[PDB]
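One chain comes next, on its own, written out as structure tokens in the form deposited in one PDB entry.
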């Protein structure tokens, strides 16, 4: 079987989930998050011009497509793109795969699938190459041939739009707008595709923190998240600091969580509260332009904080990677997301007592780094904490405060 169709379906599941509220997915059309769809009916008049140009590109470029298929593939591309056919663009990728275009990271198991939505990508690429001790080499989307060749054809369509429809003509500009949006969602879909190849810990290069609405926010991170709650991806290491502050450091702690406090948030002025954009003329009327990025005094971490308060033992997930959940005779501790068999137990006199949950939550925080460190059975009874692994000990005694052994 093809690998791409494998991740493609993953991607489709993700997209459908995000669509449960908007329910636009017609299961012949799967929507890309944050990419608006723009159908335009210019029949087969224009289509056969387009396909023949694309056909000619493929045929007169040095690439791994056999020239019998030069036009068969050109058809499949412009057709998957303009008609937003989920099935047809999966087939397109599958056809690329079948020619020798891998949609897999190049370096086998040593590949740290990484993502770069940044400006000074040059400097980061190698500070990260350099810090790798394991013999593992970072890879980016540009490093995978299948994705690369897909974007190449997708650019040709784009250019053909600008070069064969000049936008003064009113219906001509409408096809170009369609092309743009159609070719733009290809790059969105293909991005989720690449993200699903993520494994273990991943670096995200994002100088000056997060940008709401960028390919990371929209089609990269939500795939990474799903990968995470299937236990396939570990830490996501965001690098927002200037590349200077990641030297004299191991791969261990280059990058932090976008959830970590003092992570920057920036949004484009384009469609950033258009009427409120005007309101933002006060400091400089011609200070903020459509492409201008506005730093914001909001904290994404405030969202993660809220979560801690709403969800019992949430804070043990983030800082320790422990999913404890309401059990039968006590509490069940698992290694997050609690998908592997293994489980240990936690028992309190009054489990319904929120005060006592915090005592053992703090307790665990202070005592165990991971799930593997915990006794099979842990007890909070009568302001003393007891542990049975293979013998039995008591170690907590709360006479207004916590003393040990």
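Superpose the two forms; the largest set of C-alphas matching within 1.5 Å is the rigid core. Numbering follows the first chain given and starts at 1.
Just so you know, the form deposited in another entry exists too; it's not on screen, but the next bit is about it.
Of the residues 281, 302, 142, 249, exactly one exceeds or equals a 2 Å C-alpha shift between this form and the one not shown once the rigid core is aligned, and that residue is 281. In a rigid-core overlay of the protein, residue 34 has its C-alpha displaced by under 2 Å between this form and the one not shown. If you fit the rigid core between this form and the one not shown, you'll see the Cα of residue 13 move by less than 2 angstroms.
Remark: with the core as the superposition reference, the CA shift of residue 360 between this form and the one not shown reaches 2 Å or more. In comparison with the shown form, the Cα-Cα distance of residue 83 and residue 271 increases by at least 3 angstroms in that other deposited form.
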